Amino acid sequence: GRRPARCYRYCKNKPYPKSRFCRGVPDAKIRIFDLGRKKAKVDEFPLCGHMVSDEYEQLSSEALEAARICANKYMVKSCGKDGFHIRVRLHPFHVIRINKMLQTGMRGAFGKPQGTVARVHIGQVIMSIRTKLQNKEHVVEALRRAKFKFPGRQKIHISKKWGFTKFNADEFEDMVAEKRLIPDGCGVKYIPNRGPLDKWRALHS
Amino acid sequence: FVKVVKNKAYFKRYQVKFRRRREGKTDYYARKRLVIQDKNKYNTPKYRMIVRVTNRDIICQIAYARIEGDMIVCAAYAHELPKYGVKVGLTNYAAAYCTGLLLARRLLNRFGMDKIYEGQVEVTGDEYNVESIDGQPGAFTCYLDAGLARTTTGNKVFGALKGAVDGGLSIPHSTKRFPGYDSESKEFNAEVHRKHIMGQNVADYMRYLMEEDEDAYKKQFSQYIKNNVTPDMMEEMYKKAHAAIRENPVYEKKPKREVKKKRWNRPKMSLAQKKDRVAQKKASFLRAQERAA
Amino acid sequence: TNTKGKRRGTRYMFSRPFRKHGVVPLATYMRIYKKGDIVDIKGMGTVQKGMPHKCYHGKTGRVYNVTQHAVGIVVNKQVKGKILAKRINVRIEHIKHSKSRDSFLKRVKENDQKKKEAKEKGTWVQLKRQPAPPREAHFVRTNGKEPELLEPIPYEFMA
Amino acid sequence: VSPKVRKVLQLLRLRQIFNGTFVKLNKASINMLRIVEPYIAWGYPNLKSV
Amino acid sequence: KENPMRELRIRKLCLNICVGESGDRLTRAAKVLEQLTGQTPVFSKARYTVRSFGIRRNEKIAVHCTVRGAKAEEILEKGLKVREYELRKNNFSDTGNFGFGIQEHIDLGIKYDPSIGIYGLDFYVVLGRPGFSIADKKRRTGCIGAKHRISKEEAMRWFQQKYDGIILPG
RNA sequence: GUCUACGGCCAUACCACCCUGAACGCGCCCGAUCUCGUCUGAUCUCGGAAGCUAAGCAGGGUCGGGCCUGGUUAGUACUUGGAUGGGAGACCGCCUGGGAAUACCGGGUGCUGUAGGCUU
RNA sequence: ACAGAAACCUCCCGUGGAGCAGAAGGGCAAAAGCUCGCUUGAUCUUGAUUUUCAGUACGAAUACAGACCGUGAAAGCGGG
RNA sequence: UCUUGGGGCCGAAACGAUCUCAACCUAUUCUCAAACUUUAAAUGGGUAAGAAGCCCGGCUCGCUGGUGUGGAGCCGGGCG
Ligand SMILES: [Mg+2]
Ligand SMILES: [Mg+2]
Ligand SMILES: [Mg+2]
Ligand SMILES: [Mg+2]
Ligand SMILES: [Mg+2]
Ligand SMILES: [Mg+2]
Ligand SMILES: [Mg+2]
Ligand SMILES: [Mg+2]
Ligand SMILES: [Mg+2]
Ligand SMILES: [Mg+2]
Ligand SMILES: [Mg+2]
């Protein structure tokens, strides 16, 4: 139904968002970016692996949907439906056009919206998985399988940050002990030595 | 619940107006037209007569604008009028006239043109404009800066303006806003204006109260009674004030006196003091918590 | 093609800076401009009268005429292979005294004084500027501290 | 030769290949030599070279 | 001892009759206010044309006026009397004002006349302190300051003492 | 130390809340005969001087928000000029020069001109 | 009070999130918006200039200059 | 979270109790813009780097004007 993904692999056009100028864009193939036990607290899943893009290219919303299912099914089978949390880190905002031929030719060749893609840079995280530290093997295998749904080269990388947080795993526990970090569900709020001293009193009372 | 309008972003985008505007003192739409000189006149000063009536005082100043701020050429205050025999009513229309007259004479004395441009020595309350005398220094020209005052007929800024032109200052103006202008006929009654300049409307009120209710008279005119100012003598009180103003309009600055260095408000707490206070507060909070347990 | 509109492409050029909208400070109107002065042209969108054309925004000219509100400026404009001395009328809001020559006038006064003062003292002083010379020989004391050894850091995939 | 390089080479007077000139160094001239960097070989001559 | 310049006072009493339409009724409604207040009231036009209410834009549908000074107390006492000096708690605004309604103006001591009819009306009281007017003046206008504002509790207290009124819950 | 009138720059000056304000001021404040204007002397205008710093206003405070200014981010991202450099490409590295911005961390919190007062 | 999501009155917050004929962009808060009062600078006239540009025309626009005016207390503003 | 709803749910029944899911609000969080932006490069565009300058004394004016003020113009003189 759609052209082979080699036709829209490269970031050749400027970003083309669905806006008030580009009307008629069909809905993206991927509508869910978080799945698994999304409600696990920050402290339940210390491990985090990433699928990191090694190329500057465009991924179709179809391949994001395909990879998500691929990585999600393998985790449900090797860790259980409540043993992980998957977050797809790319959103298909750039719109790809089509100049449909059956005949004007190249006259009036500007194309109609055909789909959506995510523009991914080198070193940019495609999708992330957080789970328990004893499932590190199953995370790598899930992301290794999902690579086959994407064009180009992607690298797997087990992060040093605690879960989906921005704070290193080697010190995350210490910061929570002294109330520099406050769990707020999947993540942690950061407490600076700033602001009204009342907020400090509340945290220490 | 509704969105906090004054959130963090409301302050990141907020643009404060000019300080004097925030204070509600200056009208910059009017100021731009009042003070800005034509560019082909270069450094030629553009003078204006600032009149500001406070709750208790009338300030008359002559100033021109410079880039660093206005320069006050001359200033006359109504609280100076007791030196000339006017003890009370220092914000009424007659006082405004005297203050403006005092401002005019003081300026002309300073430039040495007081003998040349004596203005209307005998007050008639009628349209008077000074004519520059050929072969003499030109008559001083200033414009009236009314400020935020509402310029209806009888506003006291025009009382000070009338006193200033009568002193020999050239100020463009019409009689439409002097007291005595009848809006219906579009005719101006000079005599009604003269009554106000002499405070007869104030004198009439005193009599009208005395004849009607004596108790109200004391409440309204308690300082007139104390200073022994009666309705009949007010007109000659003001006429004498004008002459004394004209006779010697110069200002003898109050002699400054060295005073003991005293501080009447706190200075800023230092970083160390502000830092220690937090440390003391934190120690106090935990100390209390331990006691409770 | 494009349009020949007078203000095409001035969306940002003539807009006011961030949180600097509103009233124009009156010192902008109190500046004194004289024949021969050098002024930088900068269109201000708050005042739409006497607006310089976009091609003159960011150019510096010379005042030759002064009127009640505006001035006449002789400013070079390049059109294709020639440069034209153009005469524009610009309200004084959209200009400012150029400080490019002030450094020169400061130098002229300093030059003349040194020229005058040195003459009465029978000495030759330098007056002409010079380009920055190569730095002269010098000693670097170690203060008994061995220079810190630096090494390249290992690679790490901090992805 | 690009227009900027071509003008700087004429100012150094190196209008022909394997032409040589002395240049006294300073911020004005060192930055000119940077522009014509792909087109010149230069260095510090010793007394015997002079 | 409280500073005398903190005493609560009635800034103004605002009477409003929204007749809902123009014509004879609205003219009659104007006369009711004039008898009650002794001053000429002013008409208000509809901001927007609303079909459901049968009012067109710029159509006079309401008449109101402001009463200050002693007369505000006299007209306020009449209305409070008809209410038996009882107000619900929700009748007080968070800014220190309150109001109430009157179904028939004939209860306010106005004799009925056949050529006028019967009208209801709203009663609103704006409370304040000295210096509240700095926010209404042309020169150097300012804000009164938090410690000077009137709270909902302050107004209810004022109502209870001033008239011995009763504040019903709910 | 400080205020009043008129200002320049226009938050280091703003916003929220709290404390303190000698003197003179600036105010709030008391009235509506006159000038003037209102449905309303509320505002505007006019005539005053019983009271009060309650508020405005001034100074100070807040591990205050903002704002100003540095540090880090980082010689990173980006970039001028170069090669018969790499790679199927996408792109990337190096040579010669220039060189950012968040988050995060710290410091600061109006200066000042003219004229005129108060403060032994 | 009727009165309700929506009628009208009151207080508070409100940096413009409105409005300024229209497309959009810019500009604007004691205003350029809204409401009143008076009006015809949308008038007569010679040159210079800018924009497109060939540095031609028109069109449109900018500073002035000379008359008659309007408005305002006035500074001023206005020849759409 | 009651400031509005869907489900429930014990009733005499209410804004009584009870949860529960939503809208809402407050802090965070993932990802973006050719027709967004507080910031903000590199390369780039204009101008200046003197004798047509600088500094003195004087004269003209119907222009501006409190002022023999301002501005411009002109004359003479000195500085390489
Ligand atoms: Mg095929
Ligand atoms: Mg393309
Ligand atoms: Mg005005
Ligand atoms: Mg407060
Ligand atoms: Mg005292
Ligand atoms: Mg009053
Ligand atoms: Mg106090
Ligand atoms: Mg802070
Ligand atoms: Mg201060
Ligand atoms: Mg206006
Ligand atoms: Mg004209």
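Refer to the structure presented above.
**Q** In this structure, what is going on with the arrangement of the chains? I would like to understand it.
**A** Highest in contacts among the five pairs of chains that touch are chains B and C. Left apart from each other, chain A and chain D have a closest C-alpha approach of 29 Å. Regarding chain A and chain E, which are not in contact, the minimum distance between any of their C-alpha atoms is 20 Å.

**Q** Any chance you could explain the interface of chain C and chain B here in plain terms?
**A** As a measure of interface size, the accessible area lost when the parts come together is often cited. Facing 20 residues of chain C, the contacting portion of chain B comprises 18 residues. Summing both partners gives a buried area of about 1,800 Å² for chain C against chain B, and 66% of it is carried by carbon and sulfur. When the buried surface of chain C facing chain B is broken down by residue, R19, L26 and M30 of chain C rank first, second and third, together holding 33% of it. Across the chain C-chain B interface, the total number found is zero salt bridges. On the surface where chain C and chain B come into contact, there are six residue pairs in polar contact. Of all the elements, helix α1 (residues 27–30) of chain C adds the most residues to the side of chain C that touches chain B, at three residues. Here the side of chain C that touches chain B is built from residues that sort into twelve nonpolar, four polar and four charged.

**Q** What's the story with the pattern of salt bridges in this structure? I'm lost.
**A** Think of it this way: side chains of opposite charge can pair up when their charged atoms draw near. For the structure on display, the rule yields 36 salt bridges over all chains. The salt bridge partner of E156 of chain C is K160 of chain A, with a shortest N-O separation of 3.0 Å. Here the residue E156 of chain C occupies a position in the segment after α2 (102–120), and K160 of chain A occupies one in the loop between β8 (154–158) and α3 (169–177), the pair thus bridging two chains. When its relative accessible area of 56% is taken as the criterion, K160 of chain A is described as exposed.

**Q** How do you make sense of the protein's contact with RNA strand G when you look at a structure like this?
**A** Around RNA strand G lies a shell of 81 residues, among which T26 of chain B together with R16, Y56, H69 and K77 of chain C are the nearest. When atoms of RNA strand G within 4 Å of the protein are split into backbone and base, the sugar-phosphate part holds 63%. Within the backbone of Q15 of chain B, one N or O atom sits 2.7 Å away from a base nitrogen of RNA strand G. The backbone of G120 of chain E places a nitrogen or oxygen atom 3.1 Å from a base nitrogen of RNA strand G. Of all the elements in the fold, those that place two or more residues in the surface near RNA strand G are α3 (28–35) and β4 (143–145) of chain B, β3 (70–79) and β4 (82–91) of chain C together with β1 (9–17), β2 (42–45), β3 (60–67) and β6 (121–128) of chain E. Across the surface near RNA strand G, the residue classes break down as 28 nonpolar, 27 polar and 26 charged.

What counts and what doesn't
Residues numbered from 1 in each chain as written, not as in the entry; some residues may be left out. Chains lettered and ligands numbered in written order. Part of a larger assembly, values for the part shown. Heavy atoms only, no water. Contact = heavy atoms within 4.5 Å. Buried area = accessible area lost by both parts, 1.4 Å probe. Salt bridge = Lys/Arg side-chain N within 4 Å of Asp/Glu carboxyl O. Polar contact = N/O pair within 3.5 Å; in protein donor to acceptor, adjacent residues only side chain to side chain. Helix = DSSP H or I, 4+ residues; strand = E, 2+ residues; numbered from the N terminus. Nonpolar A, V, L, I, M, F, W, Y, C, P; charged D, E, K, R; others polar. Buried < 20%, exposed > 50% of the residue type's maximum accessible area, 1.4 Å probe, protein only. Near = heavy atom within 4 Å.

Spatial relationships are all this shows, so hold off on functional conclusions.
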